[PDB]
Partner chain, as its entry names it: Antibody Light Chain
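Below, in structure tokens: the form solved without the partner chain, a single chain.
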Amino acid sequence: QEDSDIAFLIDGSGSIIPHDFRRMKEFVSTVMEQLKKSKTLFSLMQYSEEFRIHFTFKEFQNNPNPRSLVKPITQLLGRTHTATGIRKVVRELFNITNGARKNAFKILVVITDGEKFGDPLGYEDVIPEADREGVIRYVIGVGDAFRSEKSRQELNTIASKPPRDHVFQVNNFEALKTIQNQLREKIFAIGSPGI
């Protein structure tokens, strides 16, 4: 029963086909409904080689209905600037001007379908700031892009430590639903280890 500001950063690159993008929206909608608590607020940013704040924590507070907010979003297409996406989440979504609560838990769930590409920023330019700001990061790597162990190193770089408790890997978008319970349990364990 502690305030939690949970942000989602979703990859909208052209590497994701339309049907899969819709599967991702369903996943986000469902997870938000399952994480829904009286003192929890959600915010969502989509990213590619453009960035779009679909809803701020303030907007969610005024209309706390995940599905209604997520369902209508359209895919940006383009490349994959994951690092800049993380910077914008930290500076924009978790900003008081957008409804973030001072002293609340700061949680970020990143959903990516591929390796960072075309980004002027490297993870070394954005992760330290995210850590200093206290943003707990979870990452979901979808598809063959992260089938390998070596490829998952990027996921480990994005997620908070230890990776074993913050990194999720699914073979495709249809399998996203298979980690919904696991993701909820981990986020619910924040500030309450072992419960």
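Positions refer to the first chain, counted from 1. In this text, rigid core is short for the largest set of C-alphas that superpose within 1.5 Å between two forms. Only residues modelled in both forms are compared.
A second form of this protein, the form deposited with the partner chain bound, is not displayed here; the remarks below concern that form.
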### Query
Of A145, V167, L69, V170, which one comes within 4.5 Å of the partner chain in the deposited bound form, counting heavy atoms only?
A145
### Task
Using the partner position in the deposited bound form, report whether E26 sits within 4.5 Å of the partner chain, counting heavy atoms only.
no
### Query
So, in the deposited bound form, is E59 in contact with the partner chain at a 4.5 angstroms heavy atom limit?
no
### Query
Would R101 count as a contact of the partner chain in the deposited bound form, using a 4.5 angstroms cut-off between non-hydrogen atoms?
no
### Query
Where does the C-alpha shift reach 2 Å or more between this form and the one not shown among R132, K161, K58, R147, given a fit on the rigid core?
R147
### Task
Once the core is lined up, would you list the consecutive runs of at least three residues whose Cα atoms each shift 2 Å or more between this form and the one not shown?
147 to 150
